[PDB]
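Chemist: Submitted below is the structure of interest, expressed as structure tokens.
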Amino acid sequence: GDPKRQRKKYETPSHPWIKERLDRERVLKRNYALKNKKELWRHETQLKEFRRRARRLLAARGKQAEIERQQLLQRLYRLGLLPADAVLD
Amino acid sequence: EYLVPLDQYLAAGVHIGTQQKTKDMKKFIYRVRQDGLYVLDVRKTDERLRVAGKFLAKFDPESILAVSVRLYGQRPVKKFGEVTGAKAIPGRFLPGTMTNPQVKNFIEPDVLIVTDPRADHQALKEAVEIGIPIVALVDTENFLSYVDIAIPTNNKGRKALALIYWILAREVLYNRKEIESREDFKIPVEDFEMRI
Amino acid sequence: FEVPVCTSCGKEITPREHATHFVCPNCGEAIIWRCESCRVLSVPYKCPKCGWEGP
Amino acid sequence: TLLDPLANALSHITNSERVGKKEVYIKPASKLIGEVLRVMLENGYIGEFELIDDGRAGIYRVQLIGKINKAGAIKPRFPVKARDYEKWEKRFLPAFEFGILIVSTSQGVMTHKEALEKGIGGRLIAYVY
Amino acid sequence: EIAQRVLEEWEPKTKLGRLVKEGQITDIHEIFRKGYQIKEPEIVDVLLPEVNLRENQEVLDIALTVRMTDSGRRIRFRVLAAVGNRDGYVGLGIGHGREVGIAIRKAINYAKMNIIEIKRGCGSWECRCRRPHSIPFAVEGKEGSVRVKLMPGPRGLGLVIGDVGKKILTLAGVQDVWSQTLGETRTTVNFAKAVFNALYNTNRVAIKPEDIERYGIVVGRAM
RNA sequence: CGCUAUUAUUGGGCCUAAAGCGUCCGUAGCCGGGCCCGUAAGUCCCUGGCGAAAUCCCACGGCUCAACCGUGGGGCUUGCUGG
RNA sequence: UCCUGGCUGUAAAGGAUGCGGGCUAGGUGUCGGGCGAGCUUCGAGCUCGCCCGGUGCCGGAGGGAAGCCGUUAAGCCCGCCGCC
Ligand SMILES: [Zn+2]
Ligand SMILES: [Zn+2]
Ligand SMILES: [Zn+2]
């Protein structure tokens, strides 16, 4: 067997030289005063993780499913990205 | 009962078909002679003629086309136009009368009449492209493709074409109420025919 | 709005289709729709009011 | 030779619908075919099917109304549990509730919605949409 | 604004153009599901004034073709262009010319004449909302050697497809989709026509009156 | 590894581009018409005993947050077995 | 090259198209069998129509990169074997 190795927490784009992505990331970098693209990319990865969790949980039947739903909603409310009376959509 | 005494139909030759046939015409077909010739029923002809009369009377007169590439159908069509105020194109139907607005005589009608869907395959196609209903006289060898009303009739006889368009004009005028009753229509059947 | 339905089959009429519509040549209260498929395949239609059963 | 009459029936239906027919005759009849037709009637894809009796077997006479896009038999008849339906949904249907998987259970032939409500699985035999 | 600017210097040649200019046809949806022929781009310029904005006029492909003669080679330009209201109406056109401007203009005119409307919805297993941000069910399209299959996706999944499909679906008003393809997708004309036909085939799927509220189906413009 | 539906169960192709045996009869094997009764081996449901920990997902808490560690809840363990 | 009795086992051995089964418009020829009408020089004869099976030419939807195929599929389904 092979043991564990720690893995990155950010993703890179599939193509490095697309004009639209370049322009958008340029604007964001400038208007939020970032140093690199790693920061932008890892915030985007946070978002994508939230979005995948929602897509998975949606229409899943059981008990752990609803537990995880409420966990997600409470975590978002605590972070400050959603109000209290919110839903999975 | 009938629009015309049956023997007149018979002497004109409305019940005379080809030596061919088609599954789509088994309804209108009635018999097969010992010669190979097929015979059409005249009741259905009468009924479809009445129905076509009502249908065309429900239309604006001057938006109606009558087309006959055949030679024995150019004069009947011309007099149908004269009697009903409808347009008639005897000869050729220059391709583009309906699809090309840059020709001399460009028109867009509401309904089309056809003497043979096999010879008049150009007008039929343009009419299909512009999306209008079609009334066609059909014989035993004809199909019913892209045809919304069919009149079973011998298409090649001059007497038959003359009698058919005569009846049609009479019925259209009646249902339009330009006349009170039949026999108020004093045009003779010997005018619609092609001269020699 | 509302999408018309063919009288022979029960399918909706598509936008750029070569379909047609007219008034029943027998009675005159219903409207007959015909899609390109029934027109090219000679599929028979029938009036909903009186059942004229045209071509 | 003749292996499966259900597939023949369903394909005959698809072709006749695609070409614009009113009635459909199914010569080798069975009881699965009747049950499948019953489900399809309850869900609203056909009308007025009846059984005719000749000395060989039955014949089925069906009326179509224009509410079918596709229909077919699932081979091989896969076993399925009450926990793995979305897979075969995504595989045989175009949207999340669009059409019917037809399942054969120890309580009879049914749709997968009913089977899931009851909490059971079975074997897959057909799909319609 | 420029309604009296586009409607005053136009004389109709056909009967649909006259119907539109007089004022008896007033909405874009009244010209489609009849057997009407469209032989004037001013009809669409009147009923959809948004297709005239330059930001709704993607030019897709420009090619240079050669015909041999004993003198030399005769050159022609072919331009494939796309037009569309961003709320359910799209058009695709091809134009030929002895130079590039003539070809572009003819392509945009033929794109205006080839206008279709589409249906939108959600239809995804992972979103299940009722908002017309995608197509409501998977559809198929074919052209030449190219086969395309479109599937609905969840919100925020933006247009997983090649760039020609990206631009056509963006002009259609669609925002989320998954795709599969087969064939010579490097030929832009066939890929574009296959995606156009896929978008057209949303009108070919039969539905029941209970599906319109499950998927939030919208025909043409929304709201 | 993916790109590659260029190894294709999902999911490819064999007139002309690679590709139907020269044609037939048949062994194993795979596929097999309609109704009725039985059994319950496959299949389905409920439950008992097992599939070490670390690793994987989620929430909370402790090192400035994190990476890391801890408490708990789930999966993984391609499954075996008693009713 | 022909006859008798044996070996070899190959070809553009080509419909360059593996075999079985159900379905998706038809038209017109020809071959065999059967049925029904009319002619007859009374012929196992002539003509017309229908059902079944073989073999050809056209052709609409439909299919295909196209040429073209198109109920004798190169179309949609249920199967097995050979090959790339
Ligand atoms: Zn129809
Ligand atoms: Zn009526
Ligand atoms: Zn959605």
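For the structure tokens, the naming scheme is as follows: chains receive sequential letters (A, B, ...) according to their order of presentation, residues are indexed from 1 within each chain, and ligands are indexed from 1 in presentation order.
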Using only C-alpha atoms (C1' of nucleotides), find which residues of chain F lie within 12 Å of chain E and jot them down as a list in words.

Modeler: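 Only these qualify: residues 5, 11 and 12 of chain F.
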
Chemist: Convert the current residue selection to file output with N, CA, C and O atoms (P, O5', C5', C4', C3', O3' and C1' of nucleotides), as a PDB file, in the first residue's frame.

Modeler:
```
ATOM      1  P     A F   5     -13.649   7.955 -24.416  1.00  0.00           P
ATOM      2  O5'   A F   5     -14.446   7.440 -25.687  1.00  0.00           O
ATOM      3  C5'   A F   5     -14.109   6.203 -26.289  1.00  0.00           C
ATOM      4  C4'   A F   5     -14.804   5.996 -27.601  1.00  0.00           C
ATOM      5  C3'   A F   5     -14.736   7.172 -28.562  1.00  0.00           C
ATOM      6  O3'   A F   5     -14.648   6.708 -29.911  1.00  0.00           O
ATOM      7  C1'   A F   5     -16.991   6.720 -28.004  1.00  0.00           C
ATOM      8  P     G F  11     -25.172   4.161 -23.679  1.00  0.00           P
ATOM      9  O5'   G F  11     -23.941   3.527 -24.467  1.00  0.00           O
ATOM     10  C5'   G F  11     -23.949   3.490 -25.891  1.00  0.00           C
ATOM     11  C4'   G F  11     -22.617   3.119 -26.482  1.00  0.00           C
ATOM     12  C3'   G F  11     -22.142   1.713 -26.174  1.00  0.00           C
ATOM     13  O3'   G F  11     -21.352   1.213 -27.254  1.00  0.00           O
ATOM     14  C1'   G F  11     -20.633   3.267 -25.249  1.00  0.00           C
ATOM     15  P     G F  12     -22.021   0.717 -28.628  1.00  0.00           P
ATOM     16  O5'   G F  12     -21.030   1.268 -29.733  1.00  0.00           O
ATOM     17  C5'   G F  12     -20.622   2.621 -29.699  1.00  0.00           C
ATOM     18  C4'   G F  12     -19.473   2.900 -30.627  1.00  0.00           C
ATOM     19  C3'   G F  12     -19.643   2.442 -32.058  1.00  0.00           C
ATOM     20  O3'   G F  12     -20.440   3.335 -32.809  1.00  0.00           O
ATOM     21  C1'   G F  12     -17.471   1.895 -31.281  1.00  0.00           C
TER      22        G F  12
END
```

Chemist: Tell me which protein, DNA and RNA residues are within 9 Å of region 30-46 of chain F, counting only C-alpha atoms (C1' of nucleotides), leaving out same-chain ones fewer than 2 positions away, and put them as a list in words.

Modeler: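 Answer for this query is residues 1, 2, 3, 4, 5, 28, 29, 30, 56, 57, 58, 79, 80, 81, 82, 105, 106, 119, 120, 121, 122 and 123 of chain D; 79 and 80 of chain G.
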
Chemist: Keeping only C-alpha atoms (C1' of nucleotides), write the selected residues as a PDB file, in the first residue's frame.

Modeler:
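Saved as again_19.pdb:
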```pdb
ATOM      1  CA  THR D   1     -36.599 -16.788 -33.670  1.00  0.00           C
ATOM      2  CA  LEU D   2     -39.196 -15.260 -31.354  1.00  0.00           C
ATOM      3  CA  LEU D   3     -37.430 -14.640 -28.040  1.00  0.00           C
ATOM      4  CA  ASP D   4     -39.332 -11.770 -26.377  1.00  0.00           C
ATOM      5  CA  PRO D   5     -42.849 -10.658 -27.414  1.00  0.00           C
ATOM      6  CA  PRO D  28     -48.770 -12.904 -29.420  1.00  0.00           C
ATOM      7  CA  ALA D  29     -50.387 -11.817 -26.177  1.00  0.00           C
ATOM      8  CA  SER D  30     -49.459 -12.569 -22.583  1.00  0.00           C
ATOM      9  CA  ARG D  56     -54.123 -19.769 -30.763  1.00  0.00           C
ATOM     10  CA  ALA D  57     -53.561 -17.153 -28.056  1.00  0.00           C
ATOM     11  CA  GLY D  58     -54.861 -13.682 -27.391  1.00  0.00           C
ATOM     12  CA  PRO D  79     -32.223  -6.541 -10.388  1.00  0.00           C
ATOM     13  CA  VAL D  80     -32.595  -3.285  -8.508  1.00  0.00           C
ATOM     14  CA  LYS D  81     -32.928  -2.321  -4.854  1.00  0.00           C
ATOM     15  CA  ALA D  82     -34.919   0.438  -3.167  1.00  0.00           C
ATOM     16  CA  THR D 105     -41.963  -7.003  -7.762  1.00  0.00           C
ATOM     17  CA  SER D 106     -43.149  -9.770  -5.484  1.00  0.00           C
ATOM     18  CA  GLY D 119     -40.046   0.428   0.072  1.00  0.00           C
ATOM     19  CA  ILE D 120     -39.227  -2.499  -2.210  1.00  0.00           C
ATOM     20  CA  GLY D 121     -37.152  -3.379  -5.238  1.00  0.00           C
ATOM     21  CA  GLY D 122     -37.355  -5.915  -8.028  1.00  0.00           C
ATOM     22  CA  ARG D 123     -36.436  -6.421 -11.669  1.00  0.00           C
TER      23      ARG D 123
ATOM     24  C1'   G G  79     -30.550 -12.666 -30.262  1.00  0.00           C
ATOM     25  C1'   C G  80     -25.824 -15.792 -31.319  1.00  0.00           C
TER      26        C G  80
END
```

Chemist: Produce a table with one row for each residue of chain A that has an atom at most 9 Å from any atom of chain F, each row naming the nearest atom pair and its distance in Å at one decimal; use only C-alpha atoms (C1' of nucleotides); arrange rows by chain and rising residue number; format as JSON lines.

Modeler:
```
{"residue": "A:3", "atom": "CA", "partner": "F:55", "partner_atom": "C1'", "distance": 8.0}
{"residue": "A:4", "atom": "CA", "partner": "F:55", "partner_atom": "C1'", "distance": 6.8}
{"residue": "A:64", "atom": "CA", "partner": "F:74", "partner_atom": "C1'", "distance": 7.0}
{"residue": "A:68", "atom": "CA", "partner": "F:58", "partner_atom": "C1'", "distance": 6.5}
{"residue": "A:71", "atom": "CA", "partner": "F:59", "partner_atom": "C1'", "distance": 6.2}
{"residue": "A:72", "atom": "CA", "partner": "F:59", "partner_atom": "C1'", "distance": 8.6}
{"residue": "A:75", "atom": "CA", "partner": "F:59", "partner_atom": "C1'", "distance": 8.4}
```

Chemist: I'd like the neighbourhood of residue 112 (chain D) as a list in words, where a residue qualifies if any of its atoms comes within 8 Å (using only C-alpha atoms (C1' of nucleotides)), though same-chain residues fewer than 6 positions away should be ignored.

Modeler: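 Non-adjacent residues within range: residues 85, 100, 101, 102 and 103 of chain D.
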
Chemist: Could those selected residues go to a file with N, CA and C atoms, as a PDB file, in the first residue's frame?

Modeler:
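Done, and the output landed in part18.pdb:
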```
ATOM      1  N   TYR D  85     -32.312   3.714  -7.606  1.00  0.00           N
ATOM      2  CA  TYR D  85     -33.216   4.012  -8.707  1.00  0.00           C
ATOM      3  C   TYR D  85     -32.778   5.206  -9.538  1.00  0.00           C
ATOM      4  N   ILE D 100     -41.809   6.642 -17.018  1.00  0.00           N
ATOM      5  CA  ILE D 100     -41.994   5.613 -16.007  1.00  0.00           C
ATOM      6  C   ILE D 100     -41.072   4.443 -16.299  1.00  0.00           C
ATOM      7  N   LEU D 101     -40.248   4.092 -15.322  1.00  0.00           N
ATOM      8  CA  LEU D 101     -39.684   2.758 -15.242  1.00  0.00           C
ATOM      9  C   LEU D 101     -40.737   1.793 -14.723  1.00  0.00           C
ATOM     10  N   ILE D 102     -40.849   0.642 -15.374  1.00  0.00           N
ATOM     11  CA  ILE D 102     -41.810  -0.387 -15.005  1.00  0.00           C
ATOM     12  C   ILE D 102     -41.048  -1.521 -14.343  1.00  0.00           C
ATOM     13  N   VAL D 103     -41.411  -1.822 -13.104  1.00  0.00           N
ATOM     14  CA  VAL D 103     -40.713  -2.798 -12.285  1.00  0.00           C
ATOM     15  C   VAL D 103     -41.634  -3.976 -12.013  1.00  0.00           C
TER      16      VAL D 103
END
```

Chemist: Which polymer residues have any atom within 8 Å of an atom of residue 93 (chain E), counting only C-alpha atoms (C1' of nucleotides), with same-chain residues fewer than 5 positions away left out, as a list in words?

Modeler: residues 80, 81, 82, 107, 108, 109, 110, 111, 112 and 114 of chain E

Chemist: I need the residues of chain C that end up classed as strand (DSSP E) by DSSP on the backbone, written out as a PyMOL selection string.

Modeler: chain C and resi 20-23+31-34

Chemist: Could you write those residues out with C-alpha atoms, as a short mmCIF file (atom, residue, chain, number, x, y, z; two decimals), in the first residue's frame?

Modeler:
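Heads up, here's the output in again-v6.cif:
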```cif
data_model
loop_
_atom_site.label_atom_id
_atom_site.label_comp_id
_atom_site.auth_asym_id
_atom_site.auth_seq_id
_atom_site.Cartn_x
_atom_site.Cartn_y
_atom_site.Cartn_z
CA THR C 20 -51.66 24.33 -42.41
CA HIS C 21 -55.03 25.18 -40.90
CA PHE C 22 -58.47 25.75 -42.39
CA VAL C 23 -62.18 25.64 -41.52
CA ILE C 31 -60.83 24.61 -37.17
CA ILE C 32 -58.71 21.82 -38.66
CA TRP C 33 -54.94 21.79 -38.17
CA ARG C 34 -52.58 19.55 -40.14
#
```

Chemist: From the DSSP assignment of the backbone, select every residue of chain A that is alpha helix (DSSP H), and format the answer as a ChimeraX atom specification.

Modeler: /A:19-32,38-57,64-79

Chemist: Counting only C-alpha atoms (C1' of nucleotides) and all ligand atoms, what residues are within 10 Å of ligand 2, given as a list in words?

Modeler: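 Checking only C-alpha atoms (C1' of nucleotides) and all ligand atoms against ligand 2 at 10 Å gives residues 23, 24, 25, 26, 27, 28, 29, 30, 31, 32, 46, 47, 48, 49, 50, 51, 52, 53 and 54 of chain C.
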
Chemist: Which chains and residue numbers are within 7 Å of ligand 3, counting only C-alpha atoms (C1' of nucleotides) and all ligand atoms, if I want them as a ChimeraX atom specification?

Modeler: /E:122,124,127-131,133,154-155

Chemist: Keeping C-alpha atoms, export the residues of the selection given above as a CSV table (one decimal), in the first residue's frame.

Modeler:
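Saved result, result_13.csv, follows:
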```csv
chain,number,residue,atom,x,y,z
E,122,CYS,CA,-34.9,23.4,-15.2
E,124,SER,CA,-32.2,18.7,-13.7
E,127,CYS,CA,-31.5,21.7,-9.1
E,128,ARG,CA,-35.3,21.0,-9.3
E,129,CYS,CA,-36.2,24.7,-9.2
E,130,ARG,CA,-38.8,26.2,-11.5
E,131,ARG,CA,-36.9,28.9,-13.3
E,133,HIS,CA,-32.3,29.1,-16.8
E,154,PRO,CA,-28.0,23.2,-12.2
E,155,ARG,CA,-27.7,26.9,-11.6
```

Chemist: I'd like the interatomic distance between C1' of residue 47 (chain G) and CA of residue 13 (chain B), to a tenth of an Å.

Modeler: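 Distance between the two atoms: 24.5 Å.
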
Chemist: Residues at most 10 Å from ligand 1, using only C-alpha atoms (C1' of nucleotides) and all ligand atoms? Could they come as a list in words?

Modeler: residues 5, 6, 7, 8, 9, 10, 11, 12, 13, 19, 33, 34, 35, 36, 37, 38, 39, 41, 43, 44 and 45 of chain C; 19, 20 and 66 of chain D

Chemist: Write out as a PyMOL selection string each polymer residue whose atoms come within 12 Å of residue 17 (chain G), counting only C-alpha atoms (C1' of nucleotides); drop sequence neighbours fewer than 4 positions from it.

Modeler: (chain F and resi 14-16+20) or (chain G and resi 69+73-74)

Chemist: Give me, as number ranges by chain, all polymer residues having an atom no more than 12 Å from residue 60 (chain A), counting only C-alpha atoms (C1' of nucleotides) and skipping those fewer than 6 positions away in the same chain.

Modeler: A: 53-54, 66-69; D: 83-86; E: 125-126

Chemist: Those same residues, written as a CSV table (one decimal), in the first residue's frame with N, CA and C atoms?

Modeler:
```csv
chain,number,residue,atom,x,y,z
A,53,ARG,N,-21.8,20.1,-2.2
A,53,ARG,CA,-22.5,19.5,-1.1
A,53,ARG,C,-24.0,19.7,-1.3
A,54,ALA,N,-24.4,20.9,-1.7
A,54,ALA,CA,-25.9,21.2,-1.9
A,54,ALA,C,-26.4,20.3,-3.0
A,66,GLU,N,-30.7,15.0,6.1
A,66,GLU,CA,-31.3,16.2,6.7
A,66,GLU,C,-30.4,16.8,7.7
A,67,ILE,N,-29.7,15.9,8.5
A,67,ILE,CA,-28.7,16.4,9.4
A,67,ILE,C,-27.7,17.3,8.7
A,68,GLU,N,-27.1,16.8,7.6
A,68,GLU,CA,-26.1,17.5,6.9
A,68,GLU,C,-26.7,18.8,6.2
A,69,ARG,N,-27.9,18.7,5.8
A,69,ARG,CA,-28.6,19.9,5.2
A,69,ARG,C,-28.6,21.0,6.3
D,83,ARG,N,-32.8,1.6,-3.3
D,83,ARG,CA,-31.8,2.5,-3.0
D,83,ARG,C,-30.9,3.0,-4.2
D,84,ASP,N,-31.2,2.4,-5.4
D,84,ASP,CA,-30.4,2.7,-6.5
D,84,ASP,C,-31.3,2.9,-7.8
D,85,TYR,N,-32.3,3.7,-7.6
D,85,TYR,CA,-33.2,4.0,-8.7
D,85,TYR,C,-32.8,5.2,-9.5
D,86,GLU,N,-32.1,6.2,-8.9
D,86,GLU,CA,-31.7,7.4,-9.7
D,86,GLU,C,-30.7,7.1,-10.8
E,125,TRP,N,-31.8,16.9,-12.2
E,125,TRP,CA,-31.9,16.1,-11.0
E,125,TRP,C,-31.3,16.8,-9.8
E,126,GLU,N,-30.4,17.8,-10.0
E,126,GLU,CA,-29.7,18.4,-8.9
E,126,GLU,C,-30.1,19.8,-8.6
```

Chemist: May I ask which of the residues E:100, E:180, E:208, E:163 is the closest one to chain A, counting only C-alpha atoms?

Modeler: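 For chain A, the nearest of the given residues is E:163.
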
Chemist: I'd like the contact shell of region 72-77 of chain D - 8 Å cut-off, only C-alpha atoms (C1' of nucleotides), skipping same-chain residues fewer than 2 positions apart - returned as a PyMOL selection string.

Modeler: chain D and resi 6-7+10-11+70+79+123-128

Chemist: Which chain G residues are at most 12 Å from chain E (counting only C-alpha atoms (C1' of nucleotides)), as an MDAnalysis selection string?

Modeler: chainID G and resid 64:66

Chemist: I need the chain A residues near chain E as a PDB file with N, CA and C atoms, in the first residue's frame; criterion: at most 12 Å, counting only C-alpha atoms.

Modeler:
```pdb
ATOM      1  N   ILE A  18      -7.167  32.001 -21.691  1.00  0.00           N
ATOM      2  CA  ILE A  18      -8.466  32.369 -22.235  1.00  0.00           C
ATOM      3  C   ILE A  18      -8.778  33.807 -21.843  1.00  0.00           C
ATOM      4  N   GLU A  20     -11.442  35.770 -21.638  1.00  0.00           N
ATOM      5  CA  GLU A  20     -12.519  36.139 -20.724  1.00  0.00           C
ATOM      6  C   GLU A  20     -12.125  35.893 -19.275  1.00  0.00           C
ATOM      7  N   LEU A  47     -16.337  28.000  -2.556  1.00  0.00           N
ATOM      8  CA  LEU A  47     -17.662  28.093  -3.159  1.00  0.00           C
ATOM      9  C   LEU A  47     -18.063  26.787  -3.828  1.00  0.00           C
ATOM     10  N   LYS A  48     -17.183  26.249  -4.672  1.00  0.00           N
ATOM     11  CA  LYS A  48     -17.500  25.026  -5.401  1.00  0.00           C
ATOM     12  C   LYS A  48     -17.795  23.872  -4.454  1.00  0.00           C
ATOM     13  N   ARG A  51     -21.251  24.280  -3.141  1.00  0.00           N
ATOM     14  CA  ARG A  51     -22.203  24.056  -4.258  1.00  0.00           C
ATOM     15  C   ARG A  51     -22.348  22.552  -4.513  1.00  0.00           C
ATOM     16  N   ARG A  52     -21.259  21.781  -4.426  1.00  0.00           N
ATOM     17  CA  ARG A  52     -21.304  20.338  -4.612  1.00  0.00           C
ATOM     18  C   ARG A  52     -22.037  19.657  -3.466  1.00  0.00           C
ATOM     19  N   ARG A  53     -21.789  20.097  -2.233  1.00  0.00           N
ATOM     20  CA  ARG A  53     -22.526  19.549  -1.099  1.00  0.00           C
ATOM     21  C   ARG A  53     -24.023  19.733  -1.287  1.00  0.00           C
ATOM     22  N   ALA A  54     -24.437  20.934  -1.694  1.00  0.00           N
ATOM     23  CA  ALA A  54     -25.858  21.179  -1.910  1.00  0.00           C
ATOM     24  C   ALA A  54     -26.425  20.261  -2.984  1.00  0.00           C
ATOM     25  N   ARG A  55     -25.728  20.192  -4.121  1.00  0.00           N
ATOM     26  CA  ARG A  55     -26.182  19.363  -5.267  1.00  0.00           C
ATOM     27  C   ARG A  55     -26.349  17.907  -4.817  1.00  0.00           C
ATOM     28  N   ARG A  56     -25.406  17.370  -4.033  1.00  0.00           N
ATOM     29  CA  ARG A  56     -25.491  16.008  -3.522  1.00  0.00           C
ATOM     30  C   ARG A  56     -26.681  15.839  -2.588  1.00  0.00           C
ATOM     31  N   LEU A  57     -26.737  16.638  -1.521  1.00  0.00           N
ATOM     32  CA  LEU A  57     -27.785  16.461  -0.521  1.00  0.00           C
ATOM     33  C   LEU A  57     -29.171  16.564  -1.134  1.00  0.00           C
ATOM     34  N   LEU A  58     -29.320  17.369  -2.177  1.00  0.00           N
ATOM     35  CA  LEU A  58     -30.648  17.666  -2.691  1.00  0.00           C
ATOM     36  C   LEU A  58     -31.335  16.403  -3.193  1.00  0.00           C
ATOM     37  N   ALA A  59     -32.478  16.091  -2.579  1.00  0.00           N
ATOM     38  CA  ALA A  59     -33.320  14.940  -2.910  1.00  0.00           C
ATOM     39  C   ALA A  59     -32.751  13.620  -2.397  1.00  0.00           C
ATOM     40  N   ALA A  60     -31.831  13.667  -1.438  1.00  0.00           N
ATOM     41  CA  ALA A  60     -31.302  12.461  -0.822  1.00  0.00           C
ATOM     42  C   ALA A  60     -32.141  12.119   0.401  1.00  0.00           C
ATOM     43  N   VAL A  87     -33.066  28.520   2.435  1.00  0.00           N
ATOM     44  CA  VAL A  87     -33.327  27.182   1.930  1.00  0.00           C
ATOM     45  C   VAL A  87     -32.160  26.739   1.057  1.00  0.00           C
ATOM     46  N   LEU A  88     -32.187  25.460   0.689  1.00  0.00           N
ATOM     47  CA  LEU A  88     -31.079  24.821  -0.005  1.00  0.00           C
ATOM     48  C   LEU A  88     -30.917  25.285  -1.441  1.00  0.00           C
ATOM     49  N   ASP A  89     -31.854  26.067  -1.964  1.00  0.00           N
ATOM     50  CA  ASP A  89     -31.745  26.588  -3.318  1.00  0.00           C
ATOM     51  C   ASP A  89     -31.114  27.971  -3.353  1.00  0.00           C
TER      52      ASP A  89
END
```

Chemist: When you draw a straight line from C1' of residue 27 (chain G) to CA of residue 139 (chain B), how long is it in Å?

Modeler: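 Result for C1' of residue 27 (chain G) versus CA of residue 139 (chain B): 14.6 Å, one decimal.
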